[PDB]
Amino acid sequence: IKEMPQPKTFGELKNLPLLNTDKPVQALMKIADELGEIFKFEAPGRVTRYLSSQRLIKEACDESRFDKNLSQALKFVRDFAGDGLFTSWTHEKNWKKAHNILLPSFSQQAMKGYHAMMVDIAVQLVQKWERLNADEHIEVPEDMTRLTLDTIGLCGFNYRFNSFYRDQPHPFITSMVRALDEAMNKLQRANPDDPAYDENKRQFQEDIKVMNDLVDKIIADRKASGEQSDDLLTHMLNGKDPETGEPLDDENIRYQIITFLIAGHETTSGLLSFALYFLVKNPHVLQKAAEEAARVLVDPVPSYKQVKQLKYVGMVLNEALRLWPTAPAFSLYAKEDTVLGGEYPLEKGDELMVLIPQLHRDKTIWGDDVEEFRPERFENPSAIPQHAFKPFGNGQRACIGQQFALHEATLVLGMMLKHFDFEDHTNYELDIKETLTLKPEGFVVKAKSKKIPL
Ligand code: COH
Ligand SMILES: CC(C)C1=CC2=CC[C@@H]3[C@](C)(CCC[C@@]3(C)C(=O)N[C@@H](Cc3c[nH]c4ccccc34)C(=O)O)[C@H]2CC1
């Protein structure tokens with residue numbers, strides 16, 4: 001039975017001021033480097049424990065002992081993602097109902113059906129870049145977000161945000177981003193009911209209304225038409241949970257759509273942005289991935305099968321997920337009194353935070369080179385111990401979108417590497433901006449066309 005380390009305290013505010021920062025995940029990583037595999041974090045009226053080691057996270061991932069907790073971050077997002085899959089408790093009837101209905105819509109097999117719509121958006125990204133003039137550069141996170149948002153819009157509910165036709169996001173996106181920013185800011189806001197925050201609350205309600213209005217209208221229009229499409233909204237209007245025999249109601253479908261649109265934004269586009277960052281910083285790795293793309297993508301437009309045979313591109317994406325997982329933490333609660341790692345007694349209800357970027361730098365798993373970008377780490381995945389690699393979270397509460405996110409990312413990166421040579425023309429210095437997600441802020445490149453027609 002061991003005493004848990006704790007970072008520096010601030011009198012009555014305990015550890016709370018350590019998260020008064022624009023880069024809290026990066027701050028928590030530096031604390032874990034100091035204190036090790038577990039530390040207690042106290043604030044007025046709360047305590048959580050940050051885990052960093054495969055040794056302890058493997059136990060945290062035991063679903064008989066720990067279930068998904070809603071972090072305060074998830075509680076603030078629930079104000080507009082409701083009881084969709086991401087912001088629901090496991091015990092809420094709408095979680096297991098939506099999970100049973102949606103799982104078949106998100107399988108590897110279902111990706112054959114979305115492939116043509118994903119190609120639509122990937123081809124718009126390639127044409128944009130083919131159409132840049134000689135002096136011009138690419139705003140990498142900006143264009144990856146254009147693609148990932150439009151891909152989930154079109155595959156989700158046959159809706160075109162037409163992001164590649166715009167400088168200003170679509171109205172829905174400006175409201176969604178400002179709602180997400182507001183939810184994230186409330187984490188650091190003392191005395192939120194202070195009348196100084198009156199204007200935030202009125203703006204928050206307006207943005208929730210914008211989102212509900214557009215999504216409720218797309219649902220009503222689809223039901224009003226009877227159209228059957230290749231999209232999640234068809235699967236949700238038609239589907240019945242085999243357990244309860246019930247369908248989702250229109251309110252819950254709205255929450256699922258809002259949830260997928262949150263995910264399909266900078267959380268997916270972050271993976272592509274980090275991947276391209278690592279590739280331009282590791283020209284030998286970029287060359288190997290470009291060689292695979294030229295070898296495999298022999299057709300004007302890539303096939304589902306051809307994306308599956310981009311094995312080294314998939315390893316590149318897993319290595320980017322290792323170093324900078326774009327959904328960098330998740331929360332758990334103890335189902336019963338239990339002892340973590342033979343050393344740390346927990347009571348029923350006690351919270352754990354999994355610090356994924358820190359798990360992914362466990363030298364006992366990965367060896368001494370943990371800071372190196374080496375996709376070849378992933379050549380034999382059977383060698384990876386249980387729960388060592390967790391960018392999509394854990395168990396029944398793992399990312400439902402994982403096969404979607406990886407198919408889109410492998411397709412797009414494949415096509416980028418087939419069509420263009422890349423230049424790190426600014427010698428970009430990595431600056432990771434933390435919102436809901438992580439991104440390489442200001443990451444810019446030049447793309448020189450290889451002049452291969454679509
Ligand atoms: C279109 C939908 C979609 C996409 C593209 C997507 C793409 C990605 C993505 C891209 C690289 C990453 C790193 C993640 C990472 C995660 N996703 Co998603 N997710 C998506 C839909 C979801 C949903 C829905 C959940 C909740 C699943 C559940 O609990 O039933 C989810 C859960 C997660 C969790 C668990 C959170 C927790 O609190 O435990 C992580 C981590 N993620 N996701
Ligand atoms: C919505 C999804 C995509 C997200 C999940 C997250 C999980 C953990 C979060 C998060 C990374 C944002 C920064 C704080 C952090 C690390 C956290 O521990 N947060 C704890 C502890 C905490 C911080 N501030 C608080 C204020 C009140 C209560 C708890 C807290 C929490 O939210 O619960 C955040 C990103 C957004």
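Position 1 is the first residue of the sequence; numbering continues from there. Values below: every heavy atom of this structure, side chains too, minus hydrogens, waters and symmetry copies. Remember, it's 1-based here, ligands and their atoms both numbered in the order they're listed.
If you check the side chains of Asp362 and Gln54, you find no donor sitting under 3.5 Å from an acceptor.
The heavy atom nearest to atom 3 (C) of ligand 2, out of those in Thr437, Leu355, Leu436, is found in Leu436.
The protein does not reach atom 14 (C) of ligand 2 closely, with no heavy atom under 4.0 angstrom from it. Atom 26 (C) of ligand 2 lies below 4.0 Å from at least one non-hydrogen atom of the protein. Distances from atom 9 (C) of ligand 2 to the protein include no heavy-atom value under 4.0 Å.
For atom 5 (C) of ligand 1, the nearest non-hydrogen atom of the protein is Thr268 OG1, 3.5 Å.
Here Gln72 has heavy atoms under 4.0 Å from ligand 2 in both its backbone and its side chain. Neither the backbone nor the side chain of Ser331 has any atom closer than 4.0 Å to an atom of ligand 1 (non-hydrogen atoms only).
Within 6.0 Å of NZ on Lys311 lie no more than 12 heavy atoms contributed by other residues, nucleotides or ligands.
For ligand 1, the atoms sitting less than 4.0 Å from at least one non-hydrogen atom of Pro391 are 13 (C), 15 (C), 41 (C), numbered in the order shown with element in parentheses.
Remark: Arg146 fails to qualify as a cation-pi partner of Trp129 under the 6.0 Å distance and 45° angle criteria applied to the six-membered ring.
The shortest N/O to N/O separation between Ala73 and ligand 2 falls below 3.5 Å.
Under the rule for a side chain to side chain contact (heavy atoms under 4.5 Å, CB included), the partners of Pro440 that lie at least two apart in sequence or sit in another chain are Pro141, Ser273, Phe274, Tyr428, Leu430, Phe443.
Protein N/O/S atoms nearer than 2.8 Å to atom 18 (Co) of ligand 1 total 1.
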